[PDB]
Structures are given as C-alpha cells and as structure tokens.
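File shown: structure_36.pdb. Contents: PDB, C-alpha atoms (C1' of nucleotides) and all ligand atoms.
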```
ATOM      1  CA  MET A   1      51.561 -48.736 -54.524
ATOM      2  CA  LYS A   2      49.244 -45.726 -54.332
ATOM      3  CA  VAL A   3      47.601 -44.514 -57.542
ATOM      4  CA  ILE A   4      45.099 -41.874 -58.658
ATOM      5  CA  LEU A   5      42.290 -43.334 -60.767
ATOM      6  CA  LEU A   6      41.873 -41.373 -63.997
ATOM      7  CA  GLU A   7      38.891 -43.549 -64.979
ATOM      8  CA  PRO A   8      36.072 -45.178 -63.007
ATOM      9  CA  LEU A   9      36.695 -48.807 -62.130
ATOM     10  CA  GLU A  10      34.719 -51.847 -61.012
ATOM     11  CA  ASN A  11      35.075 -53.078 -57.411
ATOM     12  CA  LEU A  12      38.258 -50.976 -57.064
ATOM     13  CA  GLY A  13      37.347 -47.322 -56.570
ATOM     14  CA  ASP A  14      36.213 -44.088 -58.169
ATOM     15  CA  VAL A  15      37.891 -41.464 -60.329
ATOM     16  CA  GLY A  16      40.228 -39.282 -58.286
ATOM     17  CA  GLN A  17      40.441 -41.748 -55.391
ATOM     18  CA  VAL A  18      43.800 -42.826 -53.985
ATOM     19  CA  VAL A  19      43.872 -46.634 -53.898
ATOM     20  CA  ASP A  20      46.430 -49.282 -52.966
ATOM     21  CA  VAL A  21      47.378 -51.887 -55.580
ATOM     22  CA  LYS A  22      50.025 -54.527 -56.055
ATOM     23  CA  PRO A  23      52.952 -53.000 -57.989
ATOM     24  CA  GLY A  24      52.611 -55.499 -60.836
ATOM     25  CA  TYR A  25      49.004 -54.418 -61.372
ATOM     26  CA  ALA A  26      49.888 -50.724 -61.581
ATOM     27  CA  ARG A  27      53.007 -50.835 -63.746
ATOM     28  CA  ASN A  28      51.968 -53.567 -66.205
ATOM     29  CA  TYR A  29      48.212 -52.948 -66.590
ATOM     30  CA  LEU A  30      46.855 -49.773 -64.987
ATOM     31  CA  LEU A  31      49.452 -47.099 -65.758
ATOM     32  CA  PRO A  32      50.348 -48.130 -69.365
ATOM     33  CA  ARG A  33      46.646 -47.960 -70.312
ATOM     34  CA  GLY A  34      46.093 -44.572 -68.657
ATOM     35  CA  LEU A  35      43.649 -45.922 -66.070
ATOM     36  CA  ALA A  36      45.691 -44.418 -63.215
ATOM     37  CA  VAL A  37      48.721 -42.296 -62.348
ATOM     38  CA  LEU A  38      51.342 -42.556 -59.627
ATOM     39  CA  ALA A  39      50.282 -40.962 -56.333
ATOM     40  CA  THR A  40      53.531 -39.041 -56.038
ATOM     41  CA  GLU A  41      53.652 -35.809 -54.057
ATOM     42  CA  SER A  42      54.068 -33.929 -57.336
ATOM     43  CA  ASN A  43      50.927 -35.558 -58.742
ATOM     44  CA  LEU A  44      49.087 -35.063 -55.441
ATOM     45  CA  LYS A  45      49.818 -31.336 -55.604
ATOM     46  CA  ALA A  46      49.047 -31.498 -59.338
ATOM     47  CA  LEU A  47      45.598 -32.881 -58.451
ATOM     48  CA  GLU A  48      44.074 -29.434 -59.069
ATOM     49  CA  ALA A  49      40.600 -30.970 -59.022
ATOM     50  CA  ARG A  50      41.869 -33.337 -61.706
ATOM     51  CA  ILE A  51      38.739 -35.355 -60.956
ATOM     52  CA  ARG A  52      36.733 -32.378 -62.234
ATOM     53  CA  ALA A  53      38.764 -32.377 -65.451
ATOM     54  CA  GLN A  54      38.275 -36.166 -65.489
ATOM     55  CA  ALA A  55      34.583 -36.114 -64.566
ATOM     56  CA  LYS A  56      34.058 -33.923 -67.631
ATOM     57  CA  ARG A  57      35.845 -36.407 -69.902
ATOM     58  CA  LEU A  58      33.746 -39.308 -68.609
ATOM     59  CA  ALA A  59      30.625 -37.196 -69.150
ATOM     60  CA  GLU A  60      31.897 -36.231 -72.610
ATOM     61  CA  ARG A  61      32.187 -39.873 -73.671
ATOM     62  CA  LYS A  62      28.821 -40.508 -71.991
ATOM     63  CA  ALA A  63      27.177 -38.145 -74.487
ATOM     64  CA  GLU A  64      28.324 -40.259 -77.445
ATOM     65  CA  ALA A  65      27.613 -43.595 -75.737
ATOM     66  CA  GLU A  66      23.909 -42.765 -75.540
ATOM     67  CA  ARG A  67      24.084 -40.950 -78.890
ATOM     68  CA  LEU A  68      25.576 -44.040 -80.537
ATOM     69  CA  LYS A  69      22.990 -46.119 -78.649
ATOM     70  CA  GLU A  70      20.575 -45.150 -81.450
ATOM     71  CA  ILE A  71      22.502 -45.196 -84.741
ATOM     72  CA  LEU A  72      24.464 -48.298 -83.705
ATOM     73  CA  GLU A  73      21.499 -49.866 -81.858
ATOM     74  CA  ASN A  74      19.043 -49.691 -84.789
ATOM     75  CA  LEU A  75      20.968 -51.925 -87.186
ATOM     76  CA  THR A  76      21.912 -55.554 -87.754
ATOM     77  CA  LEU A  77      25.544 -56.140 -88.712
ATOM     78  CA  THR A  78      25.634 -58.569 -91.649
ATOM     79  CA  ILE A  79      29.071 -59.808 -92.732
ATOM     80  CA  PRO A  80      29.526 -62.520 -95.397
ATOM     81  CA  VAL A  81      32.313 -64.990 -94.561
ATOM     82  CA  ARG A  82      33.563 -67.976 -96.543
ATOM     83  CA  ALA A  83      32.209 -71.176 -95.027
ATOM     84  CA  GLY A  84      31.103 -74.697 -95.822
ATOM     85  CA  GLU A  85      27.506 -73.611 -95.181
ATOM     86  CA  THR A  86      28.023 -74.626 -91.539
ATOM     87  CA  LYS A  87      31.522 -73.616 -90.380
ATOM     88  CA  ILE A  88      33.564 -70.518 -91.185
ATOM     89  CA  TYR A  89      36.908 -71.263 -92.813
ATOM     90  CA  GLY A  90      38.561 -68.468 -90.857
ATOM     91  CA  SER A  91      36.840 -66.468 -88.131
ATOM     92  CA  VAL A  92      35.417 -63.055 -87.277
ATOM     93  CA  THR A  93      37.410 -60.956 -84.809
ATOM     94  CA  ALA A  94      36.551 -57.716 -83.040
ATOM     95  CA  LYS A  95      38.677 -55.762 -85.520
ATOM     96  CA  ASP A  96      36.969 -57.534 -88.429
ATOM     97  CA  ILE A  97      33.549 -56.905 -86.872
ATOM     98  CA  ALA A  98      34.452 -53.258 -86.259
ATOM     99  CA  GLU A  99      35.723 -53.086 -89.846
ATOM    100  CA  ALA A 100      32.317 -54.255 -91.091
ATOM    101  CA  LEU A 101      30.423 -51.744 -88.941
ATOM    102  CA  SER A 102      32.682 -48.905 -90.097
ATOM    103  CA  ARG A 103      32.334 -49.999 -93.745
ATOM    104  CA  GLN A 104      28.664 -51.072 -93.856
ATOM    105  CA  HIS A 105      27.162 -48.548 -91.405
ATOM    106  CA  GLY A 106      29.715 -45.710 -91.225
ATOM    107  CA  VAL A 107      30.127 -45.704 -87.433
ATOM    108  CA  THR A 108      33.509 -46.289 -85.801
ATOM    109  CA  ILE A 109      33.622 -48.438 -82.661
ATOM    110  CA  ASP A 110      36.585 -49.444 -80.520
ATOM    111  CA  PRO A 111      37.212 -53.174 -81.132
ATOM    112  CA  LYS A 112      38.671 -53.581 -77.634
ATOM    113  CA  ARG A 113      35.448 -52.570 -75.860
ATOM    114  CA  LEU A 114      33.463 -55.374 -77.520
ATOM    115  CA  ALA A 115      32.681 -58.236 -75.122
ATOM    116  CA  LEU A 116      33.767 -61.182 -77.270
ATOM    117  CA  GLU A 117      35.574 -63.933 -75.372
ATOM    118  CA  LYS A 118      36.482 -66.122 -78.364
ATOM    119  CA  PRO A 119      36.156 -65.445 -82.104
ATOM    120  CA  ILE A 120      33.093 -66.718 -83.949
ATOM    121  CA  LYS A 121      33.570 -69.847 -86.060
ATOM    122  CA  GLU A 122      29.963 -70.976 -86.718
ATOM    123  CA  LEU A 123      27.520 -69.185 -89.012
ATOM    124  CA  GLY A 124      24.562 -67.642 -87.228
ATOM    125  CA  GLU A 125      23.051 -64.613 -85.554
ATOM    126  CA  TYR A 126      25.065 -63.315 -82.593
ATOM    127  CA  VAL A 127      24.322 -60.667 -79.960
ATOM    128  CA  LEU A 128      26.997 -58.994 -77.831
ATOM    129  CA  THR A 129      27.289 -55.923 -75.622
ATOM    130  CA  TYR A 130      29.417 -52.989 -76.759
ATOM    131  CA  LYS A 131      30.427 -51.183 -73.560
ATOM    132  CA  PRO A 132      32.290 -47.911 -74.187
ATOM    133  CA  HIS A 133      31.171 -46.601 -70.778
ATOM    134  CA  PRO A 134      30.229 -48.087 -67.388
ATOM    135  CA  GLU A 135      26.473 -48.412 -66.778
ATOM    136  CA  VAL A 136      25.860 -47.613 -70.474
ATOM    137  CA  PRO A 137      25.788 -50.972 -72.301
ATOM    138  CA  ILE A 138      24.998 -51.168 -76.010
ATOM    139  CA  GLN A 139      23.768 -54.577 -77.135
ATOM    140  CA  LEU A 140      24.491 -55.184 -80.814
ATOM    141  CA  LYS A 141      23.166 -57.890 -83.118
ATOM    142  CA  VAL A 142      25.608 -59.590 -85.489
ATOM    143  CA  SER A 143      24.755 -61.739 -88.500
ATOM    144  CA  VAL A 144      27.356 -63.797 -90.364
ATOM    145  CA  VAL A 145      26.353 -65.366 -93.680
ATOM    146  CA  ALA A 146      27.907 -67.204 -96.610
TER     147      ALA A 146
ATOM    148  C1'   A B   1      95.207 -48.670 -32.231
ATOM    149  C1'   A B   2      95.065 -44.451 -29.044
ATOM    150  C1'   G B   3      98.941 -41.505 -26.888
ATOM    151  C1'   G B   4     104.160 -39.185 -27.101
ATOM    152  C1'   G B   5     108.587 -37.290 -30.338
ATOM    153  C1'   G B   6     109.504 -35.452 -35.472
ATOM    154  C1'   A B   7     108.737 -34.093 -41.328
ATOM    155  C1'   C B   8     105.336 -31.098 -43.630
ATOM    156  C1'   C B   9     101.457 -27.799 -43.344
ATOM    157  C1'   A B  10      95.804 -25.349 -46.324
ATOM    158  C1'   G B  11      91.709 -25.682 -47.002
ATOM    159  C1'   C B  12      87.762 -25.310 -50.584
ATOM    160  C1'   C B  13      83.610 -26.045 -54.473
ATOM    161  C1'   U B  14      78.751 -27.948 -54.719
ATOM    162  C1'   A B  15      72.892 -30.424 -53.764
ATOM    163  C1'   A B  16      68.579 -28.765 -51.125
ATOM    164  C1'   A B  17      65.138 -24.122 -49.238
ATOM    165  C1'   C B  18      64.126 -19.282 -51.799
ATOM    166  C1'   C B  19      64.420 -15.673 -56.266
ATOM    167  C1'   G B  20      64.955 -14.867 -61.719
ATOM    168  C1'   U B  21      65.051 -16.313 -66.877
ATOM    169  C1'   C B  22      64.566 -19.650 -71.316
ATOM    170  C1'   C B  23      62.359 -24.125 -73.253
ATOM    171  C1'   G B  24      58.591 -28.477 -73.055
ATOM    172  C1'   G B  25      54.116 -30.454 -71.323
ATOM    173  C1'   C B  26      48.628 -30.388 -71.155
ATOM    174  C1'   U B  27      45.629 -32.126 -65.813
ATOM    175  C1'   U B  28      46.607 -24.410 -69.128
ATOM    176  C1'   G B  29      48.560 -22.540 -64.059
ATOM    177  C1'   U B  30      50.262 -19.350 -57.182
ATOM    178  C1'   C B  31      50.969 -26.046 -62.086
ATOM    179  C1'   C B  32      54.724 -29.880 -63.178
ATOM    180  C1'   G B  33      59.409 -31.012 -65.710
ATOM    181  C1'   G B  34      64.493 -29.875 -67.975
ATOM    182  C1'   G B  35      68.653 -26.215 -68.734
ATOM    183  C1'   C B  36      71.343 -21.617 -66.916
ATOM    184  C1'   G B  37      72.084 -17.356 -63.374
ATOM    185  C1'   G B  38      71.677 -15.695 -58.258
ATOM    186  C1'   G B  39      71.445 -17.320 -53.295
ATOM    187  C1'   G B  40      73.935 -21.406 -49.803
ATOM    188  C1'   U B  41      77.790 -24.771 -47.514
ATOM    189  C1'   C B  42      77.528 -25.691 -41.520
ATOM    190  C1'   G B  43      78.016 -28.991 -35.435
ATOM    191  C1'   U B  44      79.444 -23.503 -30.168
ATOM    192  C1'   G B  45      74.233 -26.535 -35.494
ATOM    193  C1'   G B  46      73.993 -24.076 -40.082
ATOM    194  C1'   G B  47      71.063 -21.935 -43.993
ATOM    195  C1'   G B  48      66.212 -19.833 -46.419
ATOM    196  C1'   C B  49      62.357 -16.178 -45.451
ATOM    197  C1'   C B  50      60.316 -11.925 -42.477
ATOM    198  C1'   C B  51      61.321  -7.579 -38.708
ATOM    199  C1'   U B  52      65.319  -4.428 -36.226
ATOM    200  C1'   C B  53      70.135  -2.486 -35.316
ATOM    201  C1'   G B  54      74.034  -2.912 -38.817
ATOM    202  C1'   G B  55      77.197  -2.474 -43.263
ATOM    203  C1'   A B  56      87.766  -0.657 -45.750
ATOM    204  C1'   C B  57      90.593  -5.526 -44.160
ATOM    205  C1'   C B  58      92.091 -10.612 -45.694
ATOM    206  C1'   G B  59      93.647 -12.952 -50.107
ATOM    207  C1'   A B  60      94.955 -17.538 -53.720
ATOM    208  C1'   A B  61      95.928 -23.903 -55.274
ATOM    209  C1'   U B  62      94.757 -18.970 -61.003
ATOM    210  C1'   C B  63      97.436 -15.255 -64.152
ATOM    211  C1'   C B  64     101.710 -11.759 -65.237
ATOM    212  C1'   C B  65     106.948 -10.100 -64.437
ATOM    213  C1'   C B  66     111.658 -10.778 -62.385
ATOM    214  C1'   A B  67     115.932 -13.434 -59.293
ATOM    215  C1'   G B  68     118.014 -18.029 -59.461
ATOM    216  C1'   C B  69     118.786 -22.818 -61.917
ATOM    217  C1'   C B  70     119.470 -26.337 -66.676
ATOM    218  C1'   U B  71     121.003 -27.175 -71.767
ATOM    219  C1'   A B  72     127.793 -24.763 -75.018
ATOM    220  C1'   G B  73     132.109 -22.573 -72.235
ATOM    221  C1'   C B  74     136.273 -18.876 -70.339
ATOM    222  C1'   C B  75     140.384 -16.895 -66.980
ATOM    223  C1'   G B  76     143.542 -19.168 -63.744
ATOM    224  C1'   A B  77     150.106 -18.742 -59.466
ATOM    225  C1'   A B  78     155.181 -20.571 -59.672
ATOM    226  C1'   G B  79     162.142 -23.968 -62.378
TER     227        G B  79
HETATM  228 MG    MG A 201     102.676 -38.736 -35.035
HETATM  229 MG    MG A 202      74.924 -22.500 -58.104
HETATM  230 MG    MG A 203      70.540 -32.766 -52.408
HETATM  231 MG    MG A 204      64.174 -23.460 -63.709
HETATM  232 MG    MG A 205      72.053 -22.390 -58.871
HETATM  233 MG    MG A 206      69.693 -23.313 -37.051
HETATM  234 MG    MG A 207     145.608 -23.032 -64.345
HETATM  235 MG    MG A 208     143.692 -21.863 -67.987
HETATM  236 MG    MG A 209     149.687 -23.733 -65.036
END
```

Render the structure in this file as structure tokens.
Amino acid sequence: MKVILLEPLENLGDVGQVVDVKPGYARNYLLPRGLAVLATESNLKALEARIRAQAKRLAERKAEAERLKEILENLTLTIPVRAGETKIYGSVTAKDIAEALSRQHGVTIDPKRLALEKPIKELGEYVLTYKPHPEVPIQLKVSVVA
RNA sequence: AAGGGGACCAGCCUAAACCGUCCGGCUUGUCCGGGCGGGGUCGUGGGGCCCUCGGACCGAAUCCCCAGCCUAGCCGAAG
C-alpha cells in the first residue's frame, strides 16, 4: 500500500516520499501514529507541498532538541527508590523517569522517545539516549539511590 | 428456448462531469469532506464544457369535479 511519509524514517524513505509497505505495517503501526498518510488521489492532490509544511515542523522540533540538549544535558537525574541496598523492590520506568525529570528539573520529556529496552531493577548510575529527533541524540545520565 | 397465434399495453427517476450555497477540517485554499439546489440519464453512443446557427406543441402513474356503480326500496296486466 502506498503512503506519504509525514515524518522522516530510517531505512524506509524521506518525508513526502511515496513508499510501498505491507498493509499490516501501514494500518496498525504507521497511520495510527501519524507517521504516514494514505496515498489516495485526494491526498496526492492535497499534497500542496505538504513536505514544506512538514519540513517546517521537523525543523521546529529540531530547535528544541538542540535547545533541550543544554538544560537537559547539564544535569544528573537522581531518583530515590526503595531497595534492599542492592535491588530495587519495584522498578523505574520511562514514565517514572520522565516524572522525576519533570519534578526535579522542570523539563518535560516524552517517555516514549527514551531508549530503554527493559526497566531498571538494580541500583546504580545509568546512561541512555533521549532521541526526540533523528540525528540529534541527547545522552542523559540517570542515578537511582536508596 | 427461440419463433408463430392471442390477452394487455407505458415508460420513468437517479449517480458521475460541471455550477451554486451552507457547515466541518487544518496540510488555511483554484484545498479536502458532508448536506441541499441546479445541471444530467443514453447505444444510430450519450452527457459536461467552449464556439456558431438556433430557440408554441406533447402531457401524466399526481390532484380536482362529474357520469356510472355499491350499501335500504317502489310501481307493476288480466276470472
Ligand atoms: Mg407470445
Ligand atoms: Mg439532483
Ligand atoms: Mg456513480
Ligand atoms: Mg457541496
Ligand atoms: Mg444534485
Ligand atoms: Mg459522445
Ligand atoms: Mg305485479
Ligand atoms: Mg306490485
Ligand atoms: Mg298481480
């Protein structure tokens, strides 16, 4: 199924390009998240340089990504979690980590964009990349304590 | 089944192009979408749009009135 990419993508295409995908990919992942739209003839006519209106949005969020690459890149996130001095009783999730950063540093961050494969269960200092924009990574230190 | 002989007899309205108007969208306009109005209905192809020459008859399956008919009856020859 042909789609119009509203956002840049990795190893797939570029914003405004018409690409071919399996229908399950488009209807269950790409379209519901806004990453693409159906390449219907109405949309194709409606593509009134929609890339230009989409290249601006990507540039708009690329102003804050670098801007937040200073306030949110000059801090260590310290969160105290109940533990037996070695192992956390519960865990720290991306929402919990984002809650700490928005309540101990006053900067909102999308918990989904954090690159955290599995929640943290062991006390220690952790580093992960916050990636709100392609080619603009933001490494962030995390500290969890008793 | 076609064909032949008879009964009966009648053909119409829409979608789409294009034009207007109201409402919604934000990917804010020659934009898309949803109502409604106009326009259009065909096989000898037809229609839309542009240019030219053009420019009263037919008539309901709808409505109105009347005839007739139905639901009680009456007159009716001569031991
Ligand atoms: Mg016959
Ligand atoms: Mg009509
Ligand atoms: Mg149609
Ligand atoms: Mg309309
Ligand atoms: Mg109409
Ligand atoms: Mg024709
Ligand atoms: Mg009698
Ligand atoms: Mg009598
Ligand atoms: Mg008698």

Residues of chain B within 9 Å of chain A, all atoms listed in the file counted, as a list in words:
residues 27, 31 and 32 of chain B

Would you mind exporting C-alpha atoms (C1' of nucleotides) of the selected residues as a PDB file, in the frame of the given file?
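Dumped everything to out.pdb:
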```pdb
ATOM      1  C1'   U B  27      45.629 -32.126 -65.813  1.00  0.00           C
ATOM      2  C1'   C B  31      50.969 -26.046 -62.086  1.00  0.00           C
ATOM      3  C1'   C B  32      54.724 -29.880 -63.178  1.00  0.00           C
TER       4        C B  32
END
```

Residues within 9 Å of residue 110 of chain A, please, as a count of residues only. Count all atoms listed in the file; anything in the same chain fewer than 2 positions from it doesn't count.
9

Residues at most 9 Å from ligand MG 201 (chain A), using all atoms listed in the file? Could they come as an NGL selection string?
:B and (4-6)

Which residues sit within 8 Å of ligand MG 202 (chain A), counting all atoms listed in the file, listed as number ranges by chain?
B: 14, 37-39

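When the PyMOL selection byres (((not hetatm)) within 12 of (chain A and resi 209)) is evaluated against the file, it yields residues 75, 76, 77 and 78 of chain B.
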
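The spacing separating atom CA of residue 145 of chain A from atom CA of residue 99 of chain A amounts to 15.9 Å.
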
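Separating atom CA of residue 126 of chain A from atom CA of residue 143 of chain A is a distance of 6.1 Å.
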
Chain and number of each residue from the PyMOL selection byres (((chain A and resi 2-19) around 12) and not hetatm), as a PDB file with C-alpha atoms (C1' of nucleotides), in the frame of the given file:
```
ATOM      1  CA  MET A   1      51.561 -48.736 -54.524  1.00  0.00           C
ATOM      2  CA  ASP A  20      46.430 -49.282 -52.966  1.00  0.00           C
ATOM      3  CA  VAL A  21      47.378 -51.887 -55.580  1.00  0.00           C
ATOM      4  CA  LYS A  22      50.025 -54.527 -56.055  1.00  0.00           C
ATOM      5  CA  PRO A  23      52.952 -53.000 -57.989  1.00  0.00           C
ATOM      6  CA  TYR A  25      49.004 -54.418 -61.372  1.00  0.00           C
ATOM      7  CA  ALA A  26      49.888 -50.724 -61.581  1.00  0.00           C
ATOM      8  CA  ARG A  27      53.007 -50.835 -63.746  1.00  0.00           C
ATOM      9  CA  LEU A  30      46.855 -49.773 -64.987  1.00  0.00           C
ATOM     10  CA  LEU A  31      49.452 -47.099 -65.758  1.00  0.00           C
ATOM     11  CA  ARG A  33      46.646 -47.960 -70.312  1.00  0.00           C
ATOM     12  CA  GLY A  34      46.093 -44.572 -68.657  1.00  0.00           C
ATOM     13  CA  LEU A  35      43.649 -45.922 -66.070  1.00  0.00           C
ATOM     14  CA  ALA A  36      45.691 -44.418 -63.215  1.00  0.00           C
ATOM     15  CA  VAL A  37      48.721 -42.296 -62.348  1.00  0.00           C
ATOM     16  CA  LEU A  38      51.342 -42.556 -59.627  1.00  0.00           C
ATOM     17  CA  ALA A  39      50.282 -40.962 -56.333  1.00  0.00           C
ATOM     18  CA  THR A  40      53.531 -39.041 -56.038  1.00  0.00           C
ATOM     19  CA  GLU A  41      53.652 -35.809 -54.057  1.00  0.00           C
ATOM     20  CA  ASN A  43      50.927 -35.558 -58.742  1.00  0.00           C
ATOM     21  CA  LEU A  44      49.087 -35.063 -55.441  1.00  0.00           C
ATOM     22  CA  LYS A  45      49.818 -31.336 -55.604  1.00  0.00           C
ATOM     23  CA  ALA A  46      49.047 -31.498 -59.338  1.00  0.00           C
ATOM     24  CA  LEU A  47      45.598 -32.881 -58.451  1.00  0.00           C
ATOM     25  CA  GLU A  48      44.074 -29.434 -59.069  1.00  0.00           C
ATOM     26  CA  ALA A  49      40.600 -30.970 -59.022  1.00  0.00           C
ATOM     27  CA  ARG A  50      41.869 -33.337 -61.706  1.00  0.00           C
ATOM     28  CA  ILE A  51      38.739 -35.355 -60.956  1.00  0.00           C
ATOM     29  CA  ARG A  52      36.733 -32.378 -62.234  1.00  0.00           C
ATOM     30  CA  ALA A  53      38.764 -32.377 -65.451  1.00  0.00           C
ATOM     31  CA  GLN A  54      38.275 -36.166 -65.489  1.00  0.00           C
ATOM     32  CA  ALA A  55      34.583 -36.114 -64.566  1.00  0.00           C
ATOM     33  CA  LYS A  56      34.058 -33.923 -67.631  1.00  0.00           C
ATOM     34  CA  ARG A  57      35.845 -36.407 -69.902  1.00  0.00           C
ATOM     35  CA  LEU A  58      33.746 -39.308 -68.609  1.00  0.00           C
ATOM     36  CA  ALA A  59      30.625 -37.196 -69.150  1.00  0.00           C
ATOM     37  CA  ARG A  61      32.187 -39.873 -73.671  1.00  0.00           C
ATOM     38  CA  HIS A 133      31.171 -46.601 -70.778  1.00  0.00           C
ATOM     39  CA  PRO A 134      30.229 -48.087 -67.388  1.00  0.00           C
ATOM     40  CA  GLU A 135      26.473 -48.412 -66.778  1.00  0.00           C
TER      41      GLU A 135
ATOM     42  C1'   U B  27      45.629 -32.126 -65.813  1.00  0.00           C
TER      43        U B  27
END
```

How would you write, as a ChimeraX atom specification, the set of residues no farther than 8 Å from ligand MG 204 (chain A) when counting only C-alpha atoms (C1' of nucleotides) and all ligand atoms?
/B:21,34-35
